[PDB]
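Scroll down for the structure; my scribbles are underneath it.
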Amino acid sequence: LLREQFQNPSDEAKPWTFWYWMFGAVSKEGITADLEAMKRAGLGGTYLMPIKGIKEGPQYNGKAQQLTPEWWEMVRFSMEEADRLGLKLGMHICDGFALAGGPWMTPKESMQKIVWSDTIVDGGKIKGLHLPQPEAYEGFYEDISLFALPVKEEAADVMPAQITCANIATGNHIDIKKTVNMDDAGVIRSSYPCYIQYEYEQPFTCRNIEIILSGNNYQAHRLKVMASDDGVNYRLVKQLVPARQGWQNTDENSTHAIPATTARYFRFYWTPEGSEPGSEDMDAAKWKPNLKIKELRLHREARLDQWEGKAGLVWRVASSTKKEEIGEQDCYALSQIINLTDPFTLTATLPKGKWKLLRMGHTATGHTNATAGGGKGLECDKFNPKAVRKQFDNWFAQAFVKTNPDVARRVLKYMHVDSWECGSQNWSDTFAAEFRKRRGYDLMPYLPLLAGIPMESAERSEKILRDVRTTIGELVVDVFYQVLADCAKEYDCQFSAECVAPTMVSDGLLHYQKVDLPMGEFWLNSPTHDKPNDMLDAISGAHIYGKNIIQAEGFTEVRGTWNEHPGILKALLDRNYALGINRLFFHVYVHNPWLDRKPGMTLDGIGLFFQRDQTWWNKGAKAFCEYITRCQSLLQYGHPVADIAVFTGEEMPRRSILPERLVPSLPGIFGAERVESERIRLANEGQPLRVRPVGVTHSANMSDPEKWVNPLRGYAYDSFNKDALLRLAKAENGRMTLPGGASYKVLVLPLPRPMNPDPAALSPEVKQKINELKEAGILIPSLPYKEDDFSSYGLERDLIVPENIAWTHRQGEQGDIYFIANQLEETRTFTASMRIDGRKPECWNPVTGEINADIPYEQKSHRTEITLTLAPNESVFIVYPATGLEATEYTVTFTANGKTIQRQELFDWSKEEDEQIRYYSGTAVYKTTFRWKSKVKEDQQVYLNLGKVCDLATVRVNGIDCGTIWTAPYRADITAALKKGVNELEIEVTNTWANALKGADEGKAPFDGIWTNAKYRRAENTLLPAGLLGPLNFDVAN
Ligand SMILES: [Ca+2]
Ligand SMILES: [Ca+2]
Ligand SMILES: [Ca+2]
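Here the sequence shown stands for residues 30 to 373, 385 to 922, 947 to 1102, where the numbers follow the authors' numbering.
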């Protein structure tokens, strides 16, 4: 029964935590303390991940370096204690955060890329010639093919230029030292509009510009290229366009093609005007709009525009190359190219003329699991099933050998793969063969496409490179994820996994079919580091592949500042429940090995600081986890409901679509106010900056997922890929269905968009299936869709609520559940109208566990309406079956320093003259008495309203616990504990660490033993309000 699950949830409904061990500083005492604390809070289990080692933190004197017998003994003891407590465990597939590295991996077994060298020679007889050696990572390299290409032009690929620059920004509020300048190493920097001029002694013919950076720089890709023959009259060549790119974009330079231009002068104009705000697929645009260029290389030889991404070396999307940039004369036909692989030093003969000797091979990409300690080394080849198996055998499998095997088999039941951060790869020893099987033709004659050298035509070159990227994405799934899935099943473990996008070339949804537990990620107060697109990848992936439990790495905080408590985490959690997550994992519980240092070890101040030495752990983490468990009990029930599927298209790479990107496709669904807010945000006038958190300056108009609650105004959608369309979709009763309960009425085929700008042509099999779905009744709306909703087609909104109300809907055999959550810090009363006809709603309170089965409701036009009142950040589930306190003198006892005071009136601890109270962080126990005049009458209900609580409070009346109050409304039901006459009142109030850390920083610690490696602090330098501020009142109801 649903009631029993809500009231007595199963262990599958409990939240979990990530558990990090820092710098090999680990103790058994701390292990016991941590795991008991986890059990006390109501956590179901933990993912044990050690982070860095003794070298990275020698000051901590760590005794548990990864893979030492001492470390293995800590792991064994952890399994022993989890077993004793009834907790389960997971581990990651490598040391550190990610991804699949270890000291057992050689360069040959690591991720591979196509590399090359080249040299121009006279044709005729060639004997004993030593060719240049391509890039060889740690000296590993293997030849594949040697081509000879007849030169298009005998002139040199680059020439000497004199480089100069000029500020063009004319005004009076310009810092002259930030205007364009070139340093002694030639690095170009600017904060203001400028140009950079290249002058050649003789006219130079340029066909592309290779942009070389030190780290990422969005602005560098926005140069406007101009040229002159005479030194004053300049003509437009091209406005350069930034390719879509993720944060891991430094492995390759960026080649921007232009129409072939012959000139003595080239000017590269720059202005920050027109800049797009930052996002996950224009990651560099998150940062200050300054220009910084290491080098511009102006090349003569023809290359495909943005070929480095198109070759699969790095995760990028750019438009196909225009014919005006690469025409037929710029391409090689296969007949022109002489294959010298056999004879190759080189000895053979060639027709007269000049030949480019293109020596192609492969080497390691150069990536490690760099956040590891003892387990650090090269990332495994993601296309080599033997290397993937080897990774599994040497870390995860050893947890069942080197510990206690029978205990390990009982408690270590989860195998985790985290979010990818090992770059991309476009080769392996089996890649040619896999390409041949999957794409239906041989890649090998076309291998120079992987260096961006065009063949046959631009269109043909880019059709083949798309096929290369497609193959890459398929091998991630069919090798890496398939092998690990087999391994997990072999070891009786559930497989959880985070995203592959936006660092490894992929269809970002595709791998979720191979795992048990798709896992998203959401950050707290960290706009520059949040991954809303990762969340939608994991949720869409789970929905379309029928994975019912959707995990989420939650609350990661780029700079924790010690003022965080559950009360300010609720709204954030709720909007991610609305997206579709149903098992939270706290990021992060750090192991604090010292029992006499608080709050102790952290991930160098990266939050959330969710651990035993939190001021609010014992009561606050427990109360929050109780709320979480009740929510998850219902949010794991049945199947999620979503009316709309949105096709993710045929470009590579690809992934789920953020709501903002569908606004031009569905302007009527989003509404006019959203259309207008997006116009302004994307215009991004003045490129404004914001600082959030302290010390992190970024693009103020960056999309913020807090502002995208219920963006379709009463419908939900999943992103939906080619795989799911062709392999899984069926039409039943006019809806598109998928195994595991997905059922969509609408299939949106979006307009061309930043991640699919061409757009990539629909394959015959996709057009056929679309038409089949169309004839069977699935709605394929014509775009842009301008009506408010789909009611004209018989598809009404699921839930009609006002703005800033987050929701989701699930359904199964026992009925329908709507989660409804207030995202504002205010009390609201509003109508909620649900697409449910003729059933009786109930209001189930997840904070308290109370069920109100007799709520008023109206039945209008075959919907059901209720009037809800929600306190700040309050949420509720709607389920459809199938007077002044007059206190005596307070005694207040500050538990952490034993100080006791007597006060008549309530007070803010932070305004006290006594420094040990002023800077106090921890718990204080308030004791008083109050008179209650009457016997409590039948059906009468009495609440003690607490007024303002800084930050949480546990109420006891005559010794009876009346609740831990942590979120609005700030009241406890004291009905059952009240007696006529004198009543005893005890309230335990707990704040956050911020005030005591400030005090300790200034030589005014309110007690002994305060220490943390977390050094970030609020910029404001204020003490936070602290304590039971009140006023206290009774609310007597019926
Ligand atoms: Ca992670
Ligand atoms: Ca499309
Ligand atoms: Ca897009």
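Even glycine gets a Cβ: it sits at the ideal position worked out from N, Cα and C.
Query	Result
DSSP state of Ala-177, grouped into three classes?	strand
Consider the C-beta atom of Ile-203 and the heavy atoms of ligand 3; say whether any pair is separated by less than 7 Å.	no
Among residues of its own chain, excluding the 5 on either side of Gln-522, which ones have a beta-carbon nearer than 7 Å to its beta-carbon?	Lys-554
Curious, which full-length alpha helix (DSSP H) runs of at least 4 residues does the segment 523 to 590 contain?	572 to 584
Can you say whether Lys-477 is buried or exposed, counting buried as having 16 or more other CB atoms within 10 angstroms of its CB?	exposed
Cβ of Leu-789 versus every heavy atom of ligand 2: is any distance shorter than 7 Å?	yes
From the DSSP secondary-structure annotation, give me the bridge partner or partners of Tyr-166.	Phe-169
Roughly how many angstroms separate the alpha carbons of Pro-680 and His-849, rounded to a whole number?	6 Å
Tell me which residues share the same chain as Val-919 and place their Cβ nearer than 6 Å to its Cβ, disregarding the 5 neighbours each side in the sequence.	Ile-857, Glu-882, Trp-884
Compare the C-alpha of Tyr-49 against each of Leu-31, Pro-87, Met-103 and name the closest.	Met-103
Output the residue ranges of the alpha helix (DSSP H) runs that lie fully inside the segment 436 to 503 and measure 4 residues or longer, sorted by chain position.	445 to 451, 471 to 479
Which residue from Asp-213, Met-255, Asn-444 puts its Cα closest to that of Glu-228?	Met-255
Tell me the residue span of the alpha helix (DSSP H) that contains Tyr-617.	610 to 619
Do the CB positions of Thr-947 and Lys-317 come within less than 8 Å of each other?	no
When you compare only the Cα positions, how much space is there between residue 934 and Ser-580?	No coordinates exist for residue 934 in the structure shown, because the numbering of the chain passes directly from 922 to 947.
How should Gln-966 be labelled, buried or exposed, when 16 other C-beta atoms within 10 angstroms of its C-beta is the threshold for buried?	exposed
If you reduce the DSSP assignment to three classes, tell me which class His-738 lands in.	strand
Leaving aside the five residues before and after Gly-647 along the sequence, list all residues of the same chain whose C-beta is less than 6 Å from its C-beta, in chain order.	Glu-597, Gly-600
Sort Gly-275, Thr-279, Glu-324, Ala-331 by Cα distance to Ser-308 and report the nearest one.	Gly-275
Just list the residues that DSSP pairs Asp-1099 with in beta bridges.	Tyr-1007
Count the other CB atoms within 10 Å of the CB of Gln-358; is the residue buried (16 or more) or exposed (fewer)?	exposed
May I have the straight-line CA-CA distance separating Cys-665 from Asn-658, to the nearest angstrom?	11 Å
Give me the Cα-Cα distance between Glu-718 and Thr-291, rounded to the nearest whole angstrom.	41 Å
Over the uninterrupted beta strand (DSSP E) stretch that includes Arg-767, give me the two end residues.	First-last for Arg-767: 762 to 767, but that is the alpha helix (DSSP H), not the beta strand (DSSP E).
How many whole angstroms separate the CB atoms of residue 1106 and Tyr-825, which I take to be in contact at a CB cut-off of 8 Å?	Residue 1106 falls outside the range modelled here, since the chain spans only 30 to 1102, and no answer is possible.
Could you check if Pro-824 belongs to the surroundings of ligand 2, using beta carbon to heavy atom distance under 7 Å?	no
Is there at least one non-hydrogen atom of ligand 1 closer than 7 Å to the beta-carbon of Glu-538?	yes
In terms of residue numbering, what span does the alpha helix (DSSP H) encompassing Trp-336 cover?	336 to 339
Would you please state the rounded distance, in angstroms, between the beta carbons of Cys-462 and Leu-128? I believe it to be under 8 Å.	5 Å
Would you grab the beta carbon distance between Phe-176 and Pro-572 for me? Rounded to a whole angstrom, and I think it's under 8 Å.	So it is not a contact: roughly 44 Å between Cβ atoms.
For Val-1046, which of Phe-971, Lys-1068, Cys-1014, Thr-952 has the nearest alpha-carbon?	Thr-952
Between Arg-701 and ligand 3, is the CB less than 7 Å from at least one heavy atom?	yes
So what's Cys-194 in DSSP terms, helix, strand or just coil?	strand
Assuming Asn-1047 is part of the beta strand (DSSP E), what are its boundary residues?	1045 to 1054
Is DSSP giving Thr-97 helix, strand or coil here?	coil
Suppose the cutoff is 8 Å on Cβ atoms and the five residues either side in sequence are ignored; what does the same chain contact list for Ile-876 look like?	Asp-856, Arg-903, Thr-904, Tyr-920
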